[PDB]
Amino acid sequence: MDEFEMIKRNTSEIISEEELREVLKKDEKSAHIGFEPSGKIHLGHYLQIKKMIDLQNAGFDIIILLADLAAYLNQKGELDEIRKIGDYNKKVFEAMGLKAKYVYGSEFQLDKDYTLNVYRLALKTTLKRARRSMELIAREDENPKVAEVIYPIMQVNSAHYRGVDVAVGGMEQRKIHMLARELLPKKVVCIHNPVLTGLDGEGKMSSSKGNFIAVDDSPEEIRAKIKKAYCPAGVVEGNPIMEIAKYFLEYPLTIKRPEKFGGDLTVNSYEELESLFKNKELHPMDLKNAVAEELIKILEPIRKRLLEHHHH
């Protein structure tokens, strides 16, 4: 498995593979992702940081944009408070092992030259296109604000202004990114990560829907959340427990089971696990027990580095 395949593993799409292969040849290459600061950092965040770590191991310089001004435009509160949550998010990302440079959007997004570029992009971007690009990002609002359509053209310009070769985000970002590839003179390579399902199966995982596992959740909290989660026997699509097994667990995986239910089970890949589960040879309760315990172990170093700050 080469650098390209390491980077591609567990992504939903790369726009485009040819372009990424051209980028990989260079000595100096940079990748960025932006996050609206979030009160809790969850598995969806961690999935994306893992991908940034992959890029870093492939020789990319990594920039994490703490997207305070975007969050402001998307009604997350006052800038100063948003920034404070951004600094907390930085500490969490650092506790995940990421080696990166961190920047706050507002440090450069209010510059005269940046704003003139935003207004130039505003002339090229239809309202209808801008609204469509925000459908999976915008805060729910019965009376959508002008701020909602400034946000996407802020994010288009972000990638241009900073000279990144690669932009990374979730599939929710893909329409903004396709606008960026259409309007900017240098085409940014876009790597999109899958969107995790919420624990109750009812929609996508998100910080505002309370349907997530946070990286610093206690072991007892993780077990409780997994025990209650949607996980129907034999169904893999939209199954959040199988998603965690695919995206976070290491293989070969040993699933402990009582002898009366078949005894311990060693699975050499996620793909073998999917077969066992679809063929009803693995029961949800046993999948859940293994996923909970292996996830606790995966997150333990992150939680204890954040716990050391308090001191024990």
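Numbers follow the displayed sequence, beginning with 1.
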(request) Give the stretch, out of 289 to 297 and 14 to 22, with the larger mean C-alpha temperature factor in the deposited entry. (result) 14 to 22
(request) Can you let me know which of the two, 48 to 56 or 248 to 256, has the higher average C-alpha B-factor in the entry? (result) 248 to 256
(message) Highest Cα temperature factor in the entry, among the options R83, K91, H192, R139: which one is it?
(response) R139
(message) In terms of recorded Cα temperature factor, pick the maximum from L121, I150, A71, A233.
(response) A233
(message) Based on the deposited C-alpha B factors for this chain, I'd like to know if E243 is in the lowest, middle or highest third.
(response) middle
(message) Quick check for you: using the entry's CA B-factors within this chain, is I63 in the lowest, middle or highest third?
(response) middle
(message) Can you tell me whether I41 has a C-alpha B-factor in the lowest, middle or highest third compared with the other modelled residues of the same chain?
(response) lowest
(message) Could you place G210 in the lowest, middle or highest third of its chain by Cα temperature factor, using the values in the record?
(response) highest
(request) Consider only the C-alpha atoms of the modelled residues in this chain, order them by B-factor as the entry records it, and name the third containing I33: lowest, middle or highest. (result) lowest
